[PDB]
């Protein structure tokens, strides 16, 4: 992203709330190199010299500009994908009624009833509870006012910045690498779902290598479907982006919308518009009013869908900018936002692709830094998608999401107040794939003070998930 006119005003929205993640009985047992990212400008852990209001906005290195040469290529790559995509999802992308946009549709969860209302909804001390009724499916006064405004391309707004209170690595938390969230007005999210909600709903229920999207999947069951796929390709790459969602160049974003959400595909005219209102965003941090021209807001509806689409276009635009005669079937991939997994028989050289992604403002890097460079010969059982690996379950011979033990430990070391028991159960369905032994150790610190489900009770549950008949015919 690129800043242009940083300034100050009056109102000072505070979000540096004291961390709400308290150590658990397991913490002192695992001593994870992780901890809640410093949310205060003057946090003890912070290094003597590093600033908060500084590092946080140090993700905007500018907005890479493109040439008429590159633009044309990206647009074509975005057109080819758009064609390939809609040739599956169909052309049924008509707008959704104010009702549908709320209560959601088949393949699209409803809107959050108790979340950040946005702005000025925040300064007016009024939350969604005093703006829209998520039960009958209708908006209130303030909201509808915007609808008639957004339906006329005259809706201005500002994004509210938040300091995500999460568990990050000490090295990152120490350097003050606290991730920030960009909250947009609730009406903006409501209209977005109206313009391209039918799309996302179809995008979700069709996740896979084909449309190259993993949005709307469940690792516990789809890992078997994804595994087999990338299991039959000469090479597999575990690419890594640096501030992916914050480096999308204005050119790429616009051209992407102009080619993917065309009315030609059954989309409502105001589909392209409502999406572009994300390029030049006006973030608001306390008394500051930073203006950015580029990147994607860390809180806009269908944020993952956009990233996934772009991520899909970049891989094409990249490979095509190096070779000639590259097609969407020249390689296979899938992604959920920035995290991506590519594969192909051709010994593609991603190393020589780095410069090409740079034209778009992205910086690709291998997830296996141990090699310091993109090498070949790697299979799917070597990469990691969504903090999950791809291991062959000795039991049912299926593929199962296996998170790193160190990652799980850090997860079982922190939690909100009076939410332990809950997390313990949720996370339990994640460690089951770490084998019986690990599942026991990981939950050892909570034995005698909480209810820990048996490794088997969760295992069977999983089997009946990956394949209901797998556990059924297991009796015959």
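Numbering follows the first chain given and starts at 1.
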Quiz item: Averaging C-alpha B-factors over each stretch, which comes out higher, 258-266 or 112-120?
Solution: 112-120
Practice problem: Return whichever of 287-295 and 97-105 has the greater mean Cα B factor according to the PDB record. | Solution: 287-295
Self-check item: Member of 382, 347, 339, 144 with the greatest C-alpha B factor (per the PDB record)
Solution: 144
Quiz prompt | Selection from 34, 450, 439, 57 [criterion: highest C-alpha temperature factor in the record] | solution = 57
Quiz item: C-alpha B factor of residue 371, ranked within the chain: lowest, middle or highest third?
Solution: highest
Self-check item: residue 458 - which third its CA temperature factor falls in, relative to the rest of the chain
Solution: lowest
Quiz item: Thinking about Cα B factors across the chain, which third does residue 397 belong to?
Solution: middle
Self-check item: Entry-reported Cα temperature factor of residue 391, expressed as the chain third it lands in
Solution: middle
Exercise. Would you mind ranking residue 410 by its C-alpha B-factor against the rest of the chain and naming the third, lowest, middle or highest?
Key: middle
